[PDB]
Amino acid sequence: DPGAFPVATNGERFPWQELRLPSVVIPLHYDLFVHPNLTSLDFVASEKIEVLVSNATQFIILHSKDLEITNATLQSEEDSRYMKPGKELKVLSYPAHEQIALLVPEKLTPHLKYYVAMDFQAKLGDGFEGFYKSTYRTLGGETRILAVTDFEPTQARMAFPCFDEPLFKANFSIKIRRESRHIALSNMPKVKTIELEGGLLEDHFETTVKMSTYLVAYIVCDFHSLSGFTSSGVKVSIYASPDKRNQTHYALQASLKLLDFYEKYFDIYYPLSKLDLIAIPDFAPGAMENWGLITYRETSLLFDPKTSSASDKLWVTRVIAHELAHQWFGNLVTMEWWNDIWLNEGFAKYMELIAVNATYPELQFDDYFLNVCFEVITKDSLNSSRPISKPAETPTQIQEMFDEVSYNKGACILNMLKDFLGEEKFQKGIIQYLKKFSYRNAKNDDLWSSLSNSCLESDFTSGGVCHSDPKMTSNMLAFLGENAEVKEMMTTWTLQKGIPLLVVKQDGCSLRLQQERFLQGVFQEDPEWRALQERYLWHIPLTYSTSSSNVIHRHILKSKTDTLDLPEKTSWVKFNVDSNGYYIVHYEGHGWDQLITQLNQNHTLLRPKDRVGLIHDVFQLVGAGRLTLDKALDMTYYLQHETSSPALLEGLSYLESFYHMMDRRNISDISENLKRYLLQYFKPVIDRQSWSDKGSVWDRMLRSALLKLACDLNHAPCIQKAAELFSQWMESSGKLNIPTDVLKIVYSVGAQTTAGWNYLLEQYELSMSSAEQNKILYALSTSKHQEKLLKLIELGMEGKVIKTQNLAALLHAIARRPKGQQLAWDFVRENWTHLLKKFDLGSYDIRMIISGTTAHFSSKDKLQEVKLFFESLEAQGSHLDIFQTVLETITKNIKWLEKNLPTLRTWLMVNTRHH
Ligand SMILES: *[C@@H]1O[C@H](CO)[C@@H](O[C@@H]2O[C@H](CO)[C@@H](O[C@@H]3O[C@H](CO)[C@@H](O)[C@H](O[C@H]4O[C@H](CO)[C@@H](O)[C@H](O)[C@@H]4O)[C@@H]3O)[C@H](O)[C@H]2NC(C)=O)[C@H](O)[C@H]1NC(C)=O
Ligand SMILES: O=C(C[C@H](Cc1ccc(O)cc1)n1nncc1CNS(=O)(=O)c1ccc(-c2ccccc2)s1)NO
Ligand SMILES: *[C@@H]1O[C@H](CO)[C@@H](O[C@@H]2O[C@H](CO)[C@@H](O)[C@H](O)[C@H]2NC(C)=O)[C@H](O)[C@H]1NC(C)=O
Ligand SMILES: *[C@@H]1O[C@H](CO)[C@@H](O[C@@H]2O[C@H](CO)[C@@H](O)[C@H](O)[C@H]2NC(C)=O)[C@H](O)[C@H]1NC(C)=O
Ligand SMILES: *[C@@H]1O[C@H](CO)[C@@H](O)[C@H](O)[C@H]1NC(C)=O
Ligand SMILES: *[C@@H]1O[C@H](CO)[C@@H](O)[C@H](O)[C@H]1NC(C)=O
Ligand SMILES: *[C@@H]1O[C@H](CO)[C@@H](O)[C@H](O)[C@H]1NC(C)=O
Ligand SMILES: *[C@@H]1O[C@H](CO)[C@@H](O)[C@H](O)[C@H]1NC(C)=O
Ligand SMILES: *[C@@H]1O[C@H](CO)[C@@H](O)[C@H](O)[C@H]1NC(C)=O
Ligand SMILES: *[C@@H]1O[C@H](CO)[C@@H](O)[C@H](O)[C@H]1NC(C)=O
Ligand SMILES: [Br-]
Ligand SMILES: [Br-]
Ligand SMILES: [Br-]
Ligand SMILES: [Br-]
Ligand SMILES: [Br-]
Ligand SMILES: [Br-]
Ligand SMILES: [Br-]
Ligand SMILES: [Br-]
Numbered sequence: 074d075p076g077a078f079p080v081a082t083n084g085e086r087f088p089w090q091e092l093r094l095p096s097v098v099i100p101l102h103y104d105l106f107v108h109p110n111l112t113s114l115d116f117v118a119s120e121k122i123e124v125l126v127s128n129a130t131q132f133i134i135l136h137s138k139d140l141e142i143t144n145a146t147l148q149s150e151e152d153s154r155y156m157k158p159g160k161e162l163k164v165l166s167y168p169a170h171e172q173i174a175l176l177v178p179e180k181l182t183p184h185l186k187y188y189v190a191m192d193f194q195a196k197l198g199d200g201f202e203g204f205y206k207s208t209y210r211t212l213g214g215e216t217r218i219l220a221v222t223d224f225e226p227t228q229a230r231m232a233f234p235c236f237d238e239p240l241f242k243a244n245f246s247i248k249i250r251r252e253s254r255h256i257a258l259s260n261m262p263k264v265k266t267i268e269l270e271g272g273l274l275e276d277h278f279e280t281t282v283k284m285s286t287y288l289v290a291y292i293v294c295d296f297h298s299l300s301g302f303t304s305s306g307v308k309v310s311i312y313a314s315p316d317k318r319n320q321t322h323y324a325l326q327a328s329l330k331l332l333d334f335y336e337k338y339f340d341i342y343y344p345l346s347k348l349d350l351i352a353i354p355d356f357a358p359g360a361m362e363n364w365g366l367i368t369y370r371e372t373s374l375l376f377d378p379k380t381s382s383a384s385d386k387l388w389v390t391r392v393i394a395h396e397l398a399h400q401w402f403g404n405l406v407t408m409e410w411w412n413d414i415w416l417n418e419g420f421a422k423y424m425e426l427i428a429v430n431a432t433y434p435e436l437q438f439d440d441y442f443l444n445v446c447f448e449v450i451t452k453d454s455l456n457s458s459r460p461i462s463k464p465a466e467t468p469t470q471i472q473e474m475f476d477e478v479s480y481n482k483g484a485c486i487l488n489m490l491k492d493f494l495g496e497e498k499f500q501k502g503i504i505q506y507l508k509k510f511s512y513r514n515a516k517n518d519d520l521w522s523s524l525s526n527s528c529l530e531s532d533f534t535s536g537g538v539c540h541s542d543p544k545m546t547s548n549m550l551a552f553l554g555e556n557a558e559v560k561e562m563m564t565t566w567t568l569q570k571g572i573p574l575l576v577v578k579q580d581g582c583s584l585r586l587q588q589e590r591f592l593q594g595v596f597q598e599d600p601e602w603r604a605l606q607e608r609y610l611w612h613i614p615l616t617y618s619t620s621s622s623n624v625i626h627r628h629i630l631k632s633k634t635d636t637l638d639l640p641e642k643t644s645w646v647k648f649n650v651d652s653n654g655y656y657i658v659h660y661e662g663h664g665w666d667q668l669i670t671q672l673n674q675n676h677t678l679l680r681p682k683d684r685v686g687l688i689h690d691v692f693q694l695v696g697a698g699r700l701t702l703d704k705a706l707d708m709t710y711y712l713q714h715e716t717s718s719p720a721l722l723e724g725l726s727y728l729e730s731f732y733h734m735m736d737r738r739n740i741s742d743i744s745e746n747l748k749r750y751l752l753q754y755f756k757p758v759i760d761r762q763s764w765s766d767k768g769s770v771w772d773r774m775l776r777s778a779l780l781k782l783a784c785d786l787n788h789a790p791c792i793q794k795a796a797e798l799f800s801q802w803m804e805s806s807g808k809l810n811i812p813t814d815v816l817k818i819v820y821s822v823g824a825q826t827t828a829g830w831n832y833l834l835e836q837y838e839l840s841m842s843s844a845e846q847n848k849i850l851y852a853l854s855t856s857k858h859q860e861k862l863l864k865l866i867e868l869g870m871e872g873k874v875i876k877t878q879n880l881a882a883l884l885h886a887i888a889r890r891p892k893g894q895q896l897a898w899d900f901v902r903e904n905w906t907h908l909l910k911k912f913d914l915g916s917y918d919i920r921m922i923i924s925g926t927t928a929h930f931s932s933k934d935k936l937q938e939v940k941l942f943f944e945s946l947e948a949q950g951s952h953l954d955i956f957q958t959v960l961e962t963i964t965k966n967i968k969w970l971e972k973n974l975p976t977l978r979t980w981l982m983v984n985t986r987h988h
């Protein structure tokens with residue numbers, strides 16, 4: 074070659090300059106041996122990778138980061154020039170691409186398997202990536218060290234050199250070495266353990282199935298487990314720090330139930346013999362779906378019924394399903410590349426609806442799934458949005474791809490799709506895909522084909538439409554042309570950024586339809602809006618009922634404008650029944666008036682997921698410049714009779730969000746008025762709430778929400794109960810049991826005095842439930858004294874009292890509250906060098922810190938400081954897609970304030986004037 078590029082550590086040229094690995098050498102079986110100490114806090118290790126060469130080469134490229142490689146031999150069974158003992162390979166490290174090059178003495182012969190073998194060693198990492206160190210406090214006050222592995226997406230290479238791209242699937246055989254005082258876990262169960270010369274044990278795990286690197290796990294710790302067996306015979310075990318074993322019972326119960334449901338629903342036995350869920354304390358990700366060894370942070374798995382909320386339970390249930398789901402969606406079938414990551418997470422997130430709704434209908438989680446979409450829409454409604462699958466190449470660009478577009482928008486379009494096809498056709502399509510790609514990879518296209526080409530019961534009858542020798546019928550031509558329709562449809566939902574807005578004018582019996590990209594911060598008549606609607610066009614599966622019928626009219630819209638005729642001229646039409654469709658409806662003409670009519674009158678004539686959607690749509694149109702605020706505010710008057718905790722709780726959110734908004738600026742005039750409307754118009758529901766744990770899950774949530782509202786507006790009777798419960802709690806030395814649904818309210822009332830604040834900080838360190846610890850930390854952030862809040866973030870940087878994994882979470886709390894809002898923003902700026910040392914630029918921690926302290930700003934002055942800060946960041950190495958999204962969010966807040974604030978002031982003064 075031209076010797077042109079590039080120079081390796083040691084100064085010789087590297088024979089490779091692509092960021093992606095070459096594909097000429099393919100791995101079959103990794104033979105891994107890991108020997109960590111945990112008093113050295115380091116490890117030595119060896120690996121034998123059995124590899125197939127296809128195009129002949131004189132060098133191998135594979136990933137290795139921050140690993141001291143010190144042997145590297147090459148043996149072959151078939152190319153007998155490298156017969157055992159084998160030959161040695163020259164090793165080159167190109168750290169800039171996290172790659173290494175092994176240099177052969179003779180070109181490798183195509184179509185022959187070789188065995189690549191290196192020895193290596195590294196200190197145990199100390200930063201929640203790779204093979205890293207992590208600790209936990211016992212009930213006695215003992216701190217214990219565990220050594221655990223988190224690899225997704227590109228961190229496997231930090232713990233053993235390997236082909237660290239998810240398409241390179243392989244079998245792994247993991248051997249661990251450990252003192253007798255520790256146990257060793259990995260992906261597969263444990264075949265043999267041999268006692269060795271110095272009383273050290275060596276654990277020998279069953280050989281993994283074909284699997285991607287980033288899923289390998291191995292833990293060395295001393296936890297205790299709780300076990301049960303599924304209908305299928307899987308040995309589920311909930312693993313946890315030994316004094317918390319009695320907090321694992323729910324987890325086991327639910328995962329037994331869940332793991333069963335999945336198996337039946339997918340029609341694919343979970344392959345492995347065991348499955349282990351382990352609750353780790355120093356766990357930066359919420360939970361890692363490592364095949365057979367799913368690691369959760371304690372708050373995402375454990376459950377203390379004395380201190381865990383009802384919503385805490387639902388959260389644990391959701392996460393356990395989410396991880397379980399990945400066993401199929403992610404692990405059996407895996408994305409070709411990270412560009413199609415939502416095939417992994419966006420399915421897992423849709424499934425937790427399906428699965429929870431099937432196993433804990435008690436938890437009413439179907440009534441909560443619409444938040445998952447409403448959340449993302451606020452971000453798909455910005456030019457800053459990305460398509461579901463977008464190219465990504467850097468480690469950072471990958472990390473970046475786990476935002477809410479992959480999780481949430483992926484989840485919602487699936488639920489949209491499913492409601493297009495009905496769940497029995499939609500499940501048969503999910504099976505035909507997990508089966509077809511078992512132990513392989515799929516890309517975006519692969520899925521849409523396999524869902525598009527559904528089969529209702531593979532009827533395989535005398536002439537089943539699917540399978541064997543079918544019959545050539547009128548339906549079959551509908552089938553195949555209706556199938557191509559749904560693949561050609563969902564292809565636009567995954568390749569176009571953003572979210573459509575359907576305009577609906579009613580013209581007597583004729584209904585006219587327009588489609589356009591819904592956008593915020595920008596009106597229609599703005600000079601920048603004609604330029605963002607240009608080529609966006611979806612295939613939007615519409616639905617609608619009307620005032621005169623509940624039948625579900627279904628029509629596909631594949632064009633920029635369309636009109637539908639209608640019979641029995643109705644009072645009003647409701648589009649997008651139940652808000653299952655990933656789109657917003659704006660009724661032109663008297664449309665928005667006529668629906669508000671129905672809600673203000675009988676109101677049951679609209680079905681509750683309509684009201685939830687209508688409540689939602691009405692307000693975003695206000696933020697689209699389409700509706701004067703007073704229309705959305707007038708919908709909330711109906712909430713007085715809203716029987717449905719969901720729609721009540723939503724309409725309530727907006728009315729509360731305004732308050733926090735107004736409070737962050739000294740807009741006390743609207744601030745007080747918003748309080749007075751909240752406590753006086755919703756007084757009948759606030760006052761009948763109980764200070765207890767009783768009621769259904771939605772009943773409980775509506776208690777905590779309202780009791781928090783009341784104490785955040787300082788309603789003396791509701792502050793007084795919390796003061797008194799708090800004092801009783803503190804005078805019992807923690808022994809009195811506060812109801813869980815009141816547990817956070819009581820602490821942050823108690824945090825409001827420095828005696829209370831101090832006792833809570835002391836109690837944080839002594840608590841045996843992460844669940845409680847978390848509520849106490851919210852209480853501490855509730856403080857109005859800056860020196861206290863600053864101590865909190867000071868303790869967060871030390872990682873001892875408050876672990877750093879909650880420091881992003883902590884900052885965000887502090888910055889939400891007005892007293893600490895500048896303090897957060899100022900802190901992040903003054904220590905941005907120090908935050909980068911603790912956290913990867915692509916981490917969820919850093920992204921949350923950024924938007925956590927800035928995205929609530931609603932002033933042109935703070936926008937400048939934010940633009941200025943992000944500029945400085947771009948000038949250095951740092952570049953994140955979040956920077957734009959934050960600025961477009963602040964800009965949307967400035968514009969929404971400019972157009973709407975005086976409407977909110979007159980609306981509220983008008984209400985006072987009527988009553
Ligand atoms: C992690 O590292 C720790 C220390 O860093 C290590 O523990 C040490 O193990 C060694 C043996 O490997 C222990 O030393 C032995 O103690 C026993 C006590 O029963 C004696 O019988 C031994 O005497 C013989 O061995 C010596 C060398 O091992 C010879 O010099 C001697 O002449 C005898 O032949 C010997 O003293 C040592 O006590 C521990 N230390 C601690 C603090 O535990 C541990 O094994 C490592 N673990 C893993 C998993 O790698
Ligand atoms: O899904 C996953 C990883 C993600 C975590 C992740 C990490 C980095 C990143 O850049 C994006 C997401 N996760 N962890 N628990 C559930 C989920 C998915 N539900 S989530 O709503 O999207 C969600 C994201 C973060 C959550 C959390 C968890 C505990 C405490 C507070 C917040 S909860 N593994 O399988
Ligand atoms: C690597 O894992 C694969 C699973 O993907 C193993 O393949 C199975 O092997 C058994 C035993 O030979 C067969 O009966 C199964 O039908 C295979 N299943 C599939 C899906 O291929 C394979 O044995 C593993 N390889 C090694 C070397 O352990
Ligand atoms: C949640 O589970 C419920 C059952 O608990 C599902 O409701 C059933 O839906 C089928 C098909 O729509 C009906 O034939 C049954 O009569 C329903 N059972 C009821 C209403 O008790 C519901 O479809 C599930 N939701 C989701 C989103 O999967
Ligand atoms: C080797 O690489 C070339 C690149 O053009 C490809 O066409 C070929 O199919 C590969 N495999 C062989 C030659 O076996
Ligand atoms: C490689 O490992 C073997 C034992 O595994 C050792 O004999 C040898 O000295 C090591 N290094 C070199 C450079 O040969
Ligand atoms: C088990 O959990 C209960 C209730 O959450 C708790 O009160 C108890 O202290 C735990 N067991 C022990 C031995 O501490
Ligand atoms: C919207 O994003 C696209 C992405 O290429 C860009 O070209 C365009 O200028 C952006 N528009 C605005 C108003 O930021
Ligand atoms: C709404 O109409 C239904 C159907 O006739 C009726 O049962 C219900 O009492 C009505 N509610 C009100 C408030 O008029
Ligand atoms: C609002 O006014 C109070 C008056 O006591 C003042 O102390 C406070 O700093 C002001 N807050 C802001 C954000 O201007
Ligand atoms: Br089954
Ligand atoms: Br992650
Ligand atoms: Br997290
Ligand atoms: Br945790
Ligand atoms: Br939840
Ligand atoms: Br009260
Ligand atoms: Br601001
Ligand atoms: Br301003």
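According to the numbering used here, the sequence shown is numbered sequentially starting from 74.
Using N, Cα and C, we set each Cβ at its ideal position, and we do this for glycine too.
Put simply, of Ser119, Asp814, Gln90 and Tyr727 the residue whose alpha carbon is nearest the alpha carbon of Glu845 is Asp814. Under DSSP, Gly594 takes part in no beta bridge, so it has no partner. Applying a distance threshold of 7 Å between residue Cβ atoms and the heavy atoms of ligand 14 selects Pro354, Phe356, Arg370, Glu371, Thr372, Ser373 and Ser843, given in chain order. Contact between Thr390 and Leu436 holds, with the beta-carbon distance rounding to 6 Å and staying under 8 Å. At least one heavy atom of ligand 9 lies less than 7 Å from the C-beta of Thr677. The continuous alpha helix (DSSP H) containing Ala720 extends over residues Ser718 to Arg737. For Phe356, there is no enclosing beta strand (DSSP E), since its DSSP letter is neither H nor E. For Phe116, the number of other beta carbons within 10 angstroms of its own is at least 16, and it is reported as buried. Taking C-alpha positions only, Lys857 is separated from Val822 by approximately 11 Å. A residue is called buried once 16 or more other Cβ atoms fall within 10 Å of its Cβ, and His184, having fewer, is exposed. The shortest CA-to-CA distance from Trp566 to any of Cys539, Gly483 and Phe731 is the one to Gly483.
For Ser618, the CB contacts under 6 Å within the same chain, skipping 5 residues up- and downstream, are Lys647 and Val650 in chain order. Using a cutoff of 7 Å, the CB of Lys386 does not count as near ligand 7, since none of the ligand's heavy atoms is closer than that. Around the beta carbon of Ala697, 16 or more other beta carbons sit within 10 angstroms, so the residue counts as buried. By the criterion of a C-beta distance shorter than 6 Å, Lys544 is surrounded in its chain by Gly536, once the five residues flanking it on both sides are discounted. For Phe731, the distance from the CB to the nearest heavy atom of ligand 12 is not below 7 Å. Residue pairing from DSSP places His297 in a beta bridge opposite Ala313.
In this structure, the beta-carbon distance from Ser259 to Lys308 does not fall below 8 Å. Counting of Cβ neighbours within 10 angstroms places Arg608 among the exposed residues, the total staying below 16. Contact between the stretch 390-400 and the stretch 449-458 is not established, with fewer than three Cβ pairs separated by less than 8 Å.
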